[PDB]
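>>> output the structure for:
(one chain, ligands or ions: 6)
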Amino acid sequence: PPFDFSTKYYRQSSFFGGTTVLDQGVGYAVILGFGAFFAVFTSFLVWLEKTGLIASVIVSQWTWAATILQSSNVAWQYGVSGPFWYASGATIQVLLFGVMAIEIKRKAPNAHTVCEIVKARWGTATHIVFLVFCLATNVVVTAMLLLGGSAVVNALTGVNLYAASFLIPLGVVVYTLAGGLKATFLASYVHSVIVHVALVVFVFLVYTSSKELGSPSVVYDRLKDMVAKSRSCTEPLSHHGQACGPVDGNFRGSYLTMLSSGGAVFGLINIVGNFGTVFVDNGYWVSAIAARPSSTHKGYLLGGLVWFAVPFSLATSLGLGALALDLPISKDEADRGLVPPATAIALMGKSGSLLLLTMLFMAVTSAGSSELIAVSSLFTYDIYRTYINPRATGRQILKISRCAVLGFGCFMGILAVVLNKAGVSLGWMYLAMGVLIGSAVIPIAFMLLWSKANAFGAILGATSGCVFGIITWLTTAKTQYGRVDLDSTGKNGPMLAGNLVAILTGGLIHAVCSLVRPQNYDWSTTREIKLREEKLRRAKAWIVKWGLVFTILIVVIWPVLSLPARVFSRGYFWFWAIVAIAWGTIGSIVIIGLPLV
Ligand SMILES: CC(C)CCC[C@@H](C)[C@H]1CC[C@H]2[C@@H]3CC=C4C[C@@H](OC(=O)CCC(=O)O)CC[C@]4(C)[C@H]3CC[C@]12C
Ligand SMILES: CC(C)CCC[C@@H](C)[C@H]1CC[C@H]2[C@@H]3CC=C4C[C@@H](OC(=O)CCC(=O)O)CC[C@]4(C)[C@H]3CC[C@]12C
Ligand SMILES: CC(C)CCC[C@@H](C)[C@H]1CC[C@H]2[C@@H]3CC=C4C[C@@H](OC(=O)CCC(=O)O)CC[C@]4(C)[C@H]3CC[C@]12C
Ligand SMILES: CC(C)CCC[C@@H](C)[C@H]1CC[C@H]2[C@@H]3CC=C4C[C@@H](OC(=O)CCC(=O)O)CC[C@]4(C)[C@H]3CC[C@]12C
Ligand SMILES: CCCCCCCCCCCCCCCC
Ligand SMILES: CCCCCCCCCCCCCC
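Numbering: from 1, shown residues only. Ligands and ions are numbered 1, 2, ... in the order given. Here you go, the structure:
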């Protein structure tokens, strides 16, 4: 027993190895009745219904299953810089959302999907090409929240892993088929309130009230004893990946430092992934066509500032508390998204597990309902109406919309079962998003903004970038290691190479083939899809001016100013923790109380 506070674990190769905290009945109830319960609740909310609400709406559509599970994964590694580099992809989102919402009103105000603009601007061959890159994004993104949720449910309640994978989408389908087609303005408020209450409780548990970890001076003392050079991590005391001894790639092998190379590489990958999530996902566009930016453009900045605090504070609390407690978490287990449940069980046994399950399944249901209504609209407006029957009455569009939801929900369950059998995990899929669909980001931006891009260059760049990125991503893994499998492929180097190659070459071919043969476009035909510009011109100016300042302040200046601190001292870590606590508390207070006022 090297440590006095972790004697009960002595050596253990894993945290979850039997004797589940809860029983299978709770797991089945959670994975079955959540959709019906909130459907009834939303029906009651609608019945009673008949810059603060907009912020609550923005926050509710940006919290996914990765915001909870993945942000603590890169905190168990790399120490202090992981949560920061994960949360830094928030100021870009508000700028992109504002620009997209402003520019859709002034060039295509009567559209439903992004692929309806591709057919209008360019021809038909490019419509099919980008219709495949849009469905792949939905397939990849939906498969990410079906792996983490199933893993967490199986870890906590002991329910069969292959039964949860198929039964999780059915609850979301039931929720979406009933009220939930954006429902009303109150469901977002309820979701945000629950999420922020859970966040506040978890943050305040580990730094103020817990008996095991009740001070920022205990976490500091325990984090610097794990990376001691006198520590032995041989076979009887530690296993291969188990967070023992100095951290490789960190200055002096410390968890308390901003000088981490792995964290910086992860942030570089995360930027490309966030770029790929905004332009290629049809749910973002669906949310951007229903916005009123000429009068309510100021809520997006508040929404982004409030959303910044969730992946930062939660990962700082639940991620650094697992290292300080000396839990036998393995690398494969931490990859799957099982870091927060372990800390919740260790610190708040049998009561924090239910709270974390509720917080996770709120996001799972909210995000899966949006993914289901990004493909039913795609199918019903870009395939059925355009090619199979181009003369359709309303009663015949509502049947197709309802059938597409069932079809996608039933297909994704089988896909999730297959992926769980094959051993794929969240975190491997999170990093690989930009390699696959990163080549169609710049063509779509050119379609929305640039007036010289043409059809042929778009197809050429989109098709070439994916192939080149995949080739580079596989060849780097083959060259730098001895094999091509799920272990060597999911590393920072190959993933960074694939991401950069995929994103960069798709915007260079399109920008070269268009400067030779420009297609001067006035967006006349996109405005005919089946004052006022002064306000839209003053909203865009405000968004551009006030969105860049915070992006520069957060993504650039703040990490630069923290490098001279080298290894954090007791007094700088106090400030670092107090910043997170204050940010989380103030954001929760603003988003819970102000909309009432
Ligand atoms: C704005 C954010 C999201 C990205 C900014 C990009 C660059 C400013 C970063 C990203 C990756 C960083 C690199 C990651 C790893 C290293 C290795 C590092 O080498 C060492 O000192 C380790 C070698 C040893 O000591 O044995 C030198 C800095 C460098 C090149 C870093 C320099 C700064 C880089 C290029
Ligand atoms: C084994 C891992 C954990 C560490 C060692 C891997 C990396 C340090 C190396 C391996 C291959 C390298 C990459 C090989 C090729 C490229 C493509 C290149 O991308 C371009 O800009 C392409 C040109 C363009 O199209 O504009 C940029 C450098 C990069 C990412 C290299 C960056 C450094 C990488 C990722
Ligand atoms: C645009 C140009 C003109 C200025 C850019 C400003 C910063 C990006 C530079 C200026 C001074 C740099 C610092 C100069 C010295 C160091 C000490 C250095 O510490 C060590 O690794 C040495 C300690 C040791 O190894 O014993 C860490 C980087 C840091 C903070 C540098 C980080 C980057 C800084 C802040
Ligand atoms: C002996 C030498 C070769 C190495 C050791 C000296 C530096 C590493 C230290 C010593 C004093 C430090 C300075 C003490 C006070 C300031 C003022 C401070 O300036 C402000 O921004 C003031 C606030 C404002 O007016 O906006 C910025 C940090 C700085 C330059 C510090 C930067 C780091 C310095 C130069
Ligand atoms: C002593 C063992 C090796 C230590 C290597 C530390 C390298 C840290 C470099 C990463 C710093 C990136 C800062 C980026 C800020 C924008
Ligand atoms: C062994 C010590 C290595 C220290 C390397 C520090 C590198 C810092 C780079 C900062 C780049 C900032 C770009 C804006």
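
>>> near ligand 3, which residues of the stretch 451-597 of the chain?
560, 563, 564 (C-beta under 6 Å from any ligand atom). To be clear about C-beta, it is placed using only N, CA and C from the backbone, and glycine gets the same treatment.

>>> excluding its backbone neighbours, what's nearest the closest residue to ligand 5 within the stretch 351-500 of the chain?
Going by C-beta to the nearest ligand atom, ligand 5 is nearest to residue 492 of the stretch 351-500 of the chain, at 12.3 Å. Closest residue to residue 492 apart from its sequence neighbours, by C-beta to C-beta, 6 or more residues apart in numbering: residue 265 at 4.5 Å.

>>> what is the burial count for the one you found?
Here the number of neighbours of residue 265 (other C-beta atoms under 10 Å) works out to 18.

>>> that one: which element?
helix 261-279 (DSSP states H and E).

>>> walk me through the domains of the chain.
Domain assignment for the chain, taken from automatic domain parsing, gives 51-426+536-593, 427-530.

>>> residue 264 is in contact with the residue of the stretch 351-500 of the chain closest to ligand 5, correct?
No: assessed by C-beta atoms under 8 Å, residue 492 is found out of contact with residue 264, at 9.5 Å.

>>> skipping adjacent residues, who's closest to the residue in the stretch 451-597 of the chain that ligand 5 sits nearest to in space?
Per C-beta to the nearest ligand atom, residue 559 is where the stretch 451-597 of the chain lies closest to ligand 5, at 4.5 Å. With sequence-adjacent residues excluded and distances taken as C-beta to C-beta, 6+ apart, residue 559 is closest to residue 258, at 6.2 Å.

>>> phi, psi of residue 257?
Residue 257 adopts backbone torsions of phi -170, psi 150, taken as degrees, to the nearest 10.

>>> report the contact partners of it.
Under the criterion of C-beta atoms under 8 Å, 6 or more residues apart in numbering, the neighbours of residue 257 are 79, 80, 81, 250, 251, 565, 566, 567, 568.

>>> rebuild those residues as CSV, extending it with neighbour count and distance to residue 144.
What follows is the contacts of residue 257, written out as CSV (neighbours: other C-beta atoms under 10 Å; distance: C-beta to C-beta, whole Å):
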residue, neighbour count, distance to residue 144
79, 25, 25
80, 23, 25
81, 26, 23
250, 24, 28
251, 14, 32
565, 16, 34
566, 15, 36
567, 16, 35
568, 22, 33
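
>>> in helices, which of those fall?
Among the contacts of residue 257, DSSP state H puts residue 81 in helices.

>>> what's the closest of the contacts of residue 257 to ligand 2?
residue 250 (14.3 Å).

>>> okay, the closest residue to the closest one other than its chain neighbours and residue 249: tell me how far apart.
Of all residues not flanking residue 250 in the chain, residue 260 sits nearest, at 5.1 Å (C-beta to C-beta, 6+ apart). Distance, residue 260 to residue 249, by C-beta to C-beta, to the nearest Å: 6 Å.

>>> can you report how many residues neighbour the nearest residue to residue 540 once chain neighbours are set aside?
Computed as C-beta to C-beta, 6+ apart, the closest residue to residue 540 that is not its neighbour in sequence is residue 102, at 4.7 Å. Residue 102 has 22 neighbouring residues, counting by other C-beta under 10 Å.

>>> which other residues reach the host helix or strand of residue 102?
For residue 102, the element it lies in under DSSP H and E is helix 91-105. Helix 91-105 has contacts (C-beta under 8 Å, 6+ apart) with 58, 62, 111, 271, 274-275, 278-279, 284-285, 288-289, 291, 293-294, 297, 300-301, 303-304, 308, 448-449, 536, 539-540, 543-544, 547-548, 550-551, 554-555.

>>> stretch 60-72: which residues count as buried?
Along stretch 60-72, these residues count as buried under the neighbour rule (16 or more other C-beta atoms under 10 Å): 60-72.

>>> how long is that stretch from one end to the other?
One end of stretch 60-72 sits 20 Å from the other (C-alpha to C-alpha, to the nearest Å).

>>> so residue 457 sits against residue 510, correct?
Yes: assessed by C-beta under 8 Å, residue 457 is found in contact with residue 510 at 4.4 Å.

>>> what's the local residue count around the residue in the chain that ligand 2 sits nearest to?
As assessed by C-beta to the nearest ligand atom, ligand 2 sits closest to residue 493 within the chain, at 2.5 Å. A count of neighbours around residue 493, defined by other C-beta under 10 Å, yields 15.

>>> what helix or strand is it located in?
Here residue 493 is assigned to helix 492-516, by DSSP H and E.

>>> show me which residues of this protein sit near ligand 5.
Within reach of ligand 5 by C-beta under 6 Å from any ligand atom, the chain has these residues: 251, 252, 259, 260, 261, 264, 559, 560.

>>> can I have the buried ones of those residues as a PyMOL selection?
A single PyMOL command selects the buried members of the residues of the chain next to ligand 5 (16+ other C-beta under 10 Å):
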select buried, resi 259+260+264+559
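
>>> just send the residues of the chain next to ligand 5 back as JSON lines, with distance to residue 401 too.
Output for the residues of the chain next to ligand 5, formatted as JSON lines (distance: C-beta to C-beta, whole Å):
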{"residue": "251", "distance to residue 401": "55"}
{"residue": "252", "distance to residue 401": "58"}
{"residue": "259", "distance to residue 401": "52"}
{"residue": "260", "distance to residue 401": "47"}
{"residue": "261", "distance to residue 401": "48"}
{"residue": "264", "distance to residue 401": "44"}
{"residue": "559", "distance to residue 401": "45"}
{"residue": "560", "distance to residue 401": "49"}
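
>>> from the residues of the chain next to ligand 5, which are also near ligand 1?
Counting by C-beta under 6 Å from any ligand atom, the members of the residues of the chain next to ligand 5 near ligand 1 are 261, 264.

>>> skip the chain neighbours and tell me the closest residue to residue 389.
Closest to residue 389 by C-beta to C-beta, 6+ apart is residue 396, at 7.8 Å.

>>> list the buried ones in the one helix or strand the one you found maps to?
Using DSSP H and E, residue 396 sits within helix 394-422. For helix 394-422, burial by neighbour count (16+ other C-beta under 10 Å) applies to 400-401, 404-406, 408-409, 412-413, 416-417, 419-420.

>>> and the following helix or strand past it, what does it pack against?
Once helix 394-422 ends, the next helix or strand along the chain (criterion: DSSP H and E) is helix 428-431. Judged by 3 or more C-beta pairs under 8 Å, 6 or more residues apart in numbering; DSSP states H and E, the packing partners of helix 428-431 are helix 125-157, helix 261-279.

>>> does helix 428-431 come close to ligand 2?
No: Helix 428-431 lies out of reach of ligand 2 by C-beta under 6 Å from any ligand atom, never closer than 11.9 Å.

>>> out of residue 457 and residue 510, which sits in the busier spot?
A direct count of neighbours by other C-beta under 10 Å for residue 457 and residue 510 places residue 510 higher, at 29 against 24.

>>> check the gap between residue 44 and residue 187 for me.
Separation of residue 44 from residue 187 (C-beta to C-beta): 11 Å.

>>> settle it for me: which of the two has more neighbours?
residue 187 (22 against 12).
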